[PDB]
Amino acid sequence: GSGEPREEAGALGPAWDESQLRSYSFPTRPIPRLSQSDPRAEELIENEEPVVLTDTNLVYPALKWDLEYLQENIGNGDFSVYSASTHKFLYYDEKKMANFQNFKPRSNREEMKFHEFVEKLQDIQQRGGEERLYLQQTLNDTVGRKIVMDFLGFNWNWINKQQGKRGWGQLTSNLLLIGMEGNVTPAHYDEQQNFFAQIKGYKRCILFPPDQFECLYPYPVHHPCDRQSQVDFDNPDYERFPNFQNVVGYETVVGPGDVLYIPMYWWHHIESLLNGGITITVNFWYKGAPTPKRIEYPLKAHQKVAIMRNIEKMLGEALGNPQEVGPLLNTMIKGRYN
């Protein structure tokens, strides 16, 4: 489990309860929840292991954000809003859909103004519709003055020191995430370091280390769902994915003010708690440190993942067609390495 639901100050009762969590097939153990001043927290980040930091004040000025405040102040830029008839918002790269014309995504992307997102959300709730929305938009220069001021008030002192201490590359973006209760982002890994800053509502985060690659079966690299797990967590096909019976997760529920370090290459499944209302999150994506000058053997799990990705990319290019990658790989192994 995630650990006992945290009790809110002022005797406001349990923030959430276990009935708001979806049911899955695998065991988990809790991600540590620590103060940013705790040396164990620094130890985990340094070793690229997840930790929830409870007191960074990383996005303190954003803790007042709700739909009314954001709509008044976030400007008139476009926001990417995904729509689905399922709770699962499986990520896919539109640019790879040409490689797999048989892939029919279950979520669709629509660009709209922030007030149109609020209105569509309101229409759905009144009509009792089952349609789900998930706003996922990189923050940019079109935001209004008050959002600029809030953003400037993030704890750049703390996170800049992390970036420097860990040798990371640049901050590439901040993703603003606004979801409906019950929304799920299925398990995947990212090739950047991530500080995941919860603002409103509660998200259950289930992480898996890079050495569970064999259990989580990412799509082919050239598939639209590169880096995402092929396993349906709600109905796992153990005939196709037998080592999913061996997966073990690291679990936590983050609430307003919490920051989760999601290390590069770590798998993560994220869900907005059932009956928990809307959720708001801002993340901080950093490029990882460069390949070290001297390679130490045996390689770490994340280095083998990087190798496998590059083998798939190179074969797709050399064979001139990503569909020939599988057949060549099978020819290489059958009766030779298996």
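Sequential numbering from 1, following the sequence displayed. If you superpose the two forms and keep the largest set of C-alpha atoms that fall within 1.5 Å, you have the rigid core.
Of the two stretches examined, 98-106 and 223-231, the one with higher mean CA deviation in 9 other deposited structures of this protein after a rigid core fit is 98-106. With 168-176 and 120-128 compared on mean CA B-factor from the PDB entry, the stretch scoring higher is 120-128. Two stretches are in play, 87-95 and 110-118, and the higher mean C-alpha B-factor belongs to 110-118. Of the residues listed, 247, 254, 74, 264, the entry assigns the biggest Cα temperature factor to 74. Which of 136, 228, 142, 157 has the largest Cα B-factor in the deposited entry comes down to 142.
Split the chain's modelled residues into thirds by C-alpha temperature factor. Residue 289 is in the middle one. Among the modelled residues of the chain, residue 39 sits in the highest third by CA temperature factor in this PDB entry.
When the CA B factors of the chain's modelled residues are split into thirds, the value for residue 322 lands in the middle one.
Among the modelled residues of the chain, residue 259 sits in the lowest third by CA temperature factor in this PDB entry.
Sort the modelled residues of the chain by CA B factor and residue 307 lands in the lowest third.
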